[PDB]
Protein chains: 2
Amino acid sequence: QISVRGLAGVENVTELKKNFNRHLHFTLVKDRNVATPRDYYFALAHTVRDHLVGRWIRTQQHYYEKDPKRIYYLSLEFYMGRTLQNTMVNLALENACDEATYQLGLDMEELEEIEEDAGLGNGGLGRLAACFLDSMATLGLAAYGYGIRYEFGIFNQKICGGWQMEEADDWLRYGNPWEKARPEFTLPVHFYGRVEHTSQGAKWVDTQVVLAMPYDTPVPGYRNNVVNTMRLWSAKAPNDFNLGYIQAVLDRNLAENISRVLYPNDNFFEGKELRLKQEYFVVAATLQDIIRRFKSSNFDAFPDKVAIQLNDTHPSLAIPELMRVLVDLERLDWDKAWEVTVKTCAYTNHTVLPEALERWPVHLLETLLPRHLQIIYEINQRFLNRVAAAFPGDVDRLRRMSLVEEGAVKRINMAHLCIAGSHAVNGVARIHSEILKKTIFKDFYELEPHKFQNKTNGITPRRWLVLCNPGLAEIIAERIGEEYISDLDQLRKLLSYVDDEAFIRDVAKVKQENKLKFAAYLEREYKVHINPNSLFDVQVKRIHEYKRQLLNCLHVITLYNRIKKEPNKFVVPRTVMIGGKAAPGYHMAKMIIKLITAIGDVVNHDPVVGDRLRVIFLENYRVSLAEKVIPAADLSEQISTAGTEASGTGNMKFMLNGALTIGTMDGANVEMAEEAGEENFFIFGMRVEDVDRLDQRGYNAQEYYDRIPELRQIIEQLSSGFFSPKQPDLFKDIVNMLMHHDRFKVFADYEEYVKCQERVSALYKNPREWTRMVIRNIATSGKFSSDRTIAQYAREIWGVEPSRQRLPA
Amino acid sequence: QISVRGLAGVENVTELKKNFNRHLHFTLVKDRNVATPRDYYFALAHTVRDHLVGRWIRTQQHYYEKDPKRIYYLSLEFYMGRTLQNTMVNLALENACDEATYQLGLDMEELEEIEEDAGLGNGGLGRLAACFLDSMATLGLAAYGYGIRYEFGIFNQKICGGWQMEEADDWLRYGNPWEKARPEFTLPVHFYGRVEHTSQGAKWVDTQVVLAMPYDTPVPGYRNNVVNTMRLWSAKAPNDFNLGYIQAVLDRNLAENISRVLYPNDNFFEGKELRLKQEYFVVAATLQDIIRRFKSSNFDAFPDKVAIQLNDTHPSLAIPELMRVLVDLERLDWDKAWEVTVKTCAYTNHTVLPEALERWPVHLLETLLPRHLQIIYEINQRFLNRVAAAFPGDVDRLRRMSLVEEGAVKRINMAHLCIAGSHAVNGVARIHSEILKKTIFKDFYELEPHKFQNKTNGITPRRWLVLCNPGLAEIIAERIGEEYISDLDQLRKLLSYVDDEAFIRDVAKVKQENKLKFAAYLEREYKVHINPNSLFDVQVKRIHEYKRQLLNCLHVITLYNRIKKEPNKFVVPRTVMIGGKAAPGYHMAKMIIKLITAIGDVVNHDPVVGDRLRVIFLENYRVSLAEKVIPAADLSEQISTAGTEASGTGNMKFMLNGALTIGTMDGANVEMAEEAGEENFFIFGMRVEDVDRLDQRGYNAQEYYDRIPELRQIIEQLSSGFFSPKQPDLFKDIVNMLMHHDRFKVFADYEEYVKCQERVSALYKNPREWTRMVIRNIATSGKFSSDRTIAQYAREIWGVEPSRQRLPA
Ligand SMILES: O=C(Nc1ccn([C@H]2C[C@@H](F)[C@H](O)[C@@H](CO)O2)c(=O)n1)c1ccccc1
Ligand SMILES: O=C(Nc1ccn([C@H]2C[C@@H](F)[C@H](O)[C@@H](CO)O2)c(=O)n1)c1ccccc1
């Protein structure tokens, strides 16, 4: 139907149809008379999966023969979403499967909606890992993603009476056709026990054993016949476990609880024992697998054949675990072992918020991992000896840099452990990486400046354009060809079309079609009625105070109050959509969701407003929903307080898909504006330096309330019960926080934000000039492909060359 | 290679080879370079499974079109063993797969050993259910087996220092290629809650819900293209379950514990709540499935289209559950509902031992199943009104017949509930069925004589001859053809060969080959050295006092003592093998295992004995081990105290496979001896009437000890520490039980048993006359095919005609 979706040859279509029918009969054990749409989805998934296996076996055989340097990406989160369409895209099978299913009397898009998301992450950090796997395969790198196969991923969010409710995400209920269990490569992991010292070194004894069983999922590169592996570990009790009789069998559950559920708290550290067990479990099983594979090729060459990338500090125990194995089991001396470890490991930081840093109580490590605690103390002593030699007499530096934090409870700072034991430390956007060198890791940067790098985040143009926005991918390919899909810098060629009346019309037409599709989806699956001619104003991301969904709320109420003040005045109509999940224990985030729905309840039912303003809370935001709403957006809200969002990646998805951005100079927004030109971006608010000035002086929210009459009115409406008539004091916590305890200075950016929003509305009144600015954004989005990002990791950290060359089919 | 194993045609062999290679590549995702024998087993299992699915789909479609009366066999145990060879046998694929695998460079028998047993039962009752499924499919009946998919079946038994140790039977670890999950047919099951009375009847409210997810396994008939279904339910928590957050997800395990593990106690009732939940879970989900299927065809015709067979009282809650559904949900009046229930249900009793009867505490039923308790009280009241009208003034009869037992704790007698609510009640051998009418159910037989039947047990000649003893099946088919495999009465034709010198030699040759094979197996997999020329004397069955493994022990010690007394005298050499699992909490049974190994330790290492006597404990006895040892046996020990073993089925397996029987006149032994002729059986000991005489008088074990010098010596050896030098008093519990508290009168049968054993040894000295008696046994074993048994259930209980006609291929 459309060219970017590949060929639908007679031979291929014929073959797909017969393999579909074979799977329905032999694999699903059904006939057409009893088959449900879910059966049809599974028959299709099994048919596409068959096309992967040949390439998967030959890719792994090739790595064994050629023995390249292997890249191991360790993460506690992989936010993968759905797999069927992504696989078809990367294999050039989409049009053929479309034709084949059409001829069988089926609608492929309907079958695609049956697949569950693999929701094994919370947000940006987990989705980054997923984009990275796609780019590593597309660039022909010998890479493996290693994680945990959670039985329950991120909860499903229901909204009841305006409140978030959590439901278990039982994503494996119907089975997962993409994974292959490998019970034959099961490995033991040890917990508790104690340390014995012999003549021949330390011994970790009397441990409890949990088994780690791997499940492998294929990761196809874009049309290069490369298929890499994501290996996820599942916890199993050993068979002599606890072995009155009935209870001993039932208690096997205790061991298997390790892989049961993803912790849903992002940007807030809780020192729970089960989380620590999860972190060690992934690290210990992964490291045995790495060493196994290396021996099947003397540890001097270890860093030449192995790179380990730590996705934040979550897998930081890799550092002392690798030391444990090299020293205790392989009997290398300390200094040699340490050299190998440092050259092998590298660490990526994703936040500067203090409450998000992992600082584990020593008493936990003492009981659970007694040998690792001893290794950490020894690392600390030797590291601080170096600091002392470089900065003699600087006793406070020693306290600041220690891996051991003194106090009420002693803790281990995992970020300090990661810097000490890695040859490279990177932030995730230029501004973030600079803040690391100047503030939180300043001491470490002074000691070892060579370690610190930047690697600005990116997104995969496969999932985030071709898959989710085929209409836009097509009008682009018509002018410039198909090469941009794996070389996104080619989008620059589109600047020579900014005055092309045909292109302008095509860009605007694709956006309108996207909005109609999404406007209909809202009514079908959620029974809500929106005007598709309105400006689609969207903020989708996890709910946190720093992301300032509340500032968005203040603008919405301002617009409503202005309308009620002058009802017969013209305003540009808007549909304001906000979505995202809150962490189950985060009270303020749950209150913000309730406020948004409460505003909707008032605004959406005021007859004087008409269809000039609508406020929609988008329920259960997740990867598959993102693929729908992002192509439909006109305005992307990226309004975190300057200095708080390390990079952002949602921002990049919106830029690629033809939305304009309103945002602060924070995270990757700075580089986006630099690429597109500041004239083509809606920048507002305090810069980082302005925030610091305000902190030195002292932030007084009262000053703003006193001097801005429009802001005062809103606060009075909130306090008095305007948005909660039956429960007048419902929002008192929100008002109190805003007035007296606001870490993120919502009031301070209010005036400039409202002013900037007026400028957005002004441009939207001129469709032709709106679209020309859109083209300037899409055309300059090339830097933000994760192919660029991964190529920089490869060259500057891992020491390997990317390859765009195909393997034989 | 051998004719009974079918054809190996060029076309078939070619096809099997290519489908094997396809499964290895696409299903297992391996090449030949990395494949292990387990991979090869799975590729073969998937290849054979493909041949079932066509017939499975068309069998079930046929039942929908023709709408026959459906038979539902409810059991908490299905002791299935391995599936691969059984499937090949029933599909006539064995020789072809043998050829195909040979040509691929593989040994099929080696791959067969990789499959795990489906150990979802304890012993005779569970294995009977498995033989029954095979016979129902072979006789073309529209039958479904319904049970629980336990994650852990009967424990694996290890012997450590002579003691039994239990290990979890993690049989699903590598996957089960035979089952198909059907998450689409998931059904809710309710627990706890309370009863409300409305104007329109009772309502069961405020319940906790557990989901029941079915898994279907194919059951192929013997070469008739019929494939029936065994549907096993798995427990799942609902997704809003318990829905701080982390714990609520982890607590889902509580619900899912219902299907976690098989209770390993046979013949001893424990009133554990988890067991009650298991019993209701299977009944509630099964009954919804039955009704669903019936509606897709007015409840008057219900008994015309449905039969429910209760395998003991374990699924007895079907009776009040069916009443609950018909009265509370369908709104039938009580009397009509009861008529339907009685005509639908039938009950099979498997034991007379008082401690095995299910008598559930009323307080358990009150809390867990409040509505069912009310229904049971109402059933009881109406039943006792009938007893009172038939036997006016007989107040003690009313107490004896009540479903409610009075006392310390009130209990419900589930056996009484089953008789009241079933149109048929049967025992499992003629002697057992007579004991039911004369003793434990005498009152019920007087009230409703028409309800009571006999159905003597049987075994399937597919698993228990063709599969496990192909050598014997072949020499038989050479003379009389292949028809006997589904018409076992044809074995009578073999009587005309009792004087045939060629046949005599062939029968003896097959036995010797079986013994050599098993003698080698013992050395390979268990490093133990036996003489294959010795008489193989075997007792394999679950360990219980009533089965009298201890009497066997007394004989063994007698033989050892006689040898030591006159070392240079000739005796017929024996290998005495005893095997079977003990229930984890049964102390005496665990002591008996230790005694057997302790005797072995002394006997097997006495240089004066030589290889004239060996005592072997066969570890981890289970279905796959039975298939090995039974064809190797010369002597079958069936020596329960008269009146205690309801039928036995192991006895029948040994008779079919060319062992002679030493046994009491108990259970089916009586009918076996009647079929073969008493001259061709080694019968000894008290009859039932002799046991009763002894009970009236009072059993005094001292009298035997005082009057039998050989018995006194053994007891003195046991007490003094002869068999436990380092632990002289180890066996004091055993001696005390024998001397003062022996319910099963071991001493009373001792003299006659030893005498009878001398007669066995005498016949074994004359190989030709031994074999002629063997032929007379095999020739008269036809009555004990489960095809005969199932045909009687069909005609006399279920009201359906068996059919040997094929479905189209
Ligand atoms: O800080 C935690 N979890 C985080 C931290 C940062 N991030 C984001 C921030 C965003 F700027 C960036 O674009 C994205 C990819 O780099 O990472 C995120 O998604 N989860 C955390 C995790 C577990 C426990 C406690 C805190
Ligand atoms: O009595 C119980 N469990 C039994 C009872 C009898 N049986 C056997 C006895 C045997 F004679 C017969 O051949 C075979 C088939 O009919 O059944 C058996 O294998 N389990 C029981 C079960 C659960 C809890 C408590 C007791």
Side-chain angles (χ1 to χ4, degrees), chain A residues 183-184 238-240 243, chain B residues 36-42 44-45 79-86 101 106-119 153-171 173-174 463-464 467-471 511-534 536-543 574-582 593 596-597 600-601 603-605 611 614-634 650 653 657:
Chain A
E184 63 268 32
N239 280 341
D240 59 357
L243 285 166
Chain B
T36 53
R38 172 170 279 101
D39 296 307
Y40 293 136
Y41 157 71
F42 279 100
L44 183 51
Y79 211 169
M80 299 296 272
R82 296 169 174 159
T83 295
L84 174 63
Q85 200 185 351
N86 190 244
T101 55
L106 303 164
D107 187 351
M108 188 164 77
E109 281 182 340
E110 181 189 295
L111 271 26
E112 278 168 352
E113 289 296 323
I114 290 157
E115 180 171 9
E116 293 288 332
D117 281 41
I154 187 66
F155 58 88
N156 284 318
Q157 174 194 64
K158 301 273 201 67
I159 300 299
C160 298
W163 301 99
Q164 163 174 302
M165 304 294 305
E166 295 92 27
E167 275 194 351
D169 169 49
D170 192 14
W171 75 292
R173 181 178 34 202
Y174 294 96
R463 185 169 299 267
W464 297 113
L467 191 154
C468 69
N469 203 348
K511 185 54 72 178
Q512 194 51 53
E513 289 182 344
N514 285 340
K515 294 166 65 167
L516 285 164
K517 191 179 184 169
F518 191 74
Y521 171 87
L522 284 183
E523 280 168 290
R524 284 177 71 249
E525 256 62 56
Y526 293 107
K527 299 291 156 196
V528 287
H529 292 233
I530 60 156
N531 168 27
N533 298 134
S534 59
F536 278 16
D537 179 346
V538 2
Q539 189 178 201
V540 289
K541 53 189 67 249
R542 292 285 297 255
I543 309 301
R574 290 195 190 213
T575 301
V576 180
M577 309 181 203
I578 305 179
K581 286 172 194 183
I593 292 173
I596 294 157
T597 67
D601 282 340
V603 172
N604 297 351
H605 303 106
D611 76 338
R614 284 286 184 273
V615 182
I616 301 295
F617 186 87
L618 297 175
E619 185 173 303
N620 202 28
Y621 181 67
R622 64 193 182 287
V623 176
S624 67
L625 190 57
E627 299 171 2
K628 293 184 172 65
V629 67
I630 295 178
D634 291 312
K653 312 177 190 168
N657 279 279

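Atom set for the values below is all heavy atoms of this structure, side chains included, hydrogens, waters and symmetry mates excluded. Order of the sequence lines sets the chain letters (A, B, ...), proteins ahead of strands, with each chain counted from 1.
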Minimum-distance pair of heavy atoms, taken over all atoms of B/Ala582 and B/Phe155 | O-CZ, 3.2 Å

Using the salt bridge (charged side-chain N to carboxylate O under 4.0 Å, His left out) rule, collect all pairs that involve residues 625-634 of chain B, keeping only residues at least two apart or in two chains.
-> B/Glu113-B/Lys628, B/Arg463-B/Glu627, B/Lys515-B/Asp634

Compare all side-chain heavy atoms of B/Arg173 with those of A/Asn239 and state whether any distance is below 4.5 angstrom.
-> yes

Donor-acceptor side-chain pairing of B/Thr36 and B/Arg38 below 3.5 angstrom = no

Under a 4.0 Å N-O cut-off, is there an ion pair linking B/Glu167 with B/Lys158?
-> yes

Who are the side chain to side chain contact (heavy atoms under 4.5 Å, CB included) partners of B/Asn657, not counting sequence neighbours?
-> B/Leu465, B/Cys468, B/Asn469, B/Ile630, B/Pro631

Residue pair B/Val629 / B/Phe536, side-chain heavy-atom distance below 4.5 Å | no

Return yes if some donor-acceptor pair links the side-chain N/O of B/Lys517 with the main-chain N/O of B/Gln512 below 3.5 Å, else return no.
-> no

Backbone N/O of B/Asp117 and side chain of B/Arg82: donor-acceptor pair under 3.5 Å | no

Find out whether B/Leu522 and B/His529 are in side-chain contact, i.e. whether some heavy atom of one side chain is under 4.5 Å from a heavy atom of the other.
-> no

Is it true that a side-chain atom of B/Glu112 and a backbone atom of B/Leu84 form a donor plus acceptor pair closer than 3.5 Å?
-> no

B/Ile114 versus B/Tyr174: any side-chain heavy-atom pair under 4.5 Å?
-> no

Would you indicate whether B/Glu525, at its atom CD, is surrounded by more than 12 heavy atoms from other residues, nucleotides or ligands within a distance under 6.0 Å?
-> yes

Do you know which two heavy atoms are closest between B/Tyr621 and B/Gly580, and how far apart they sit?
-> CB-N, 3.8 Å

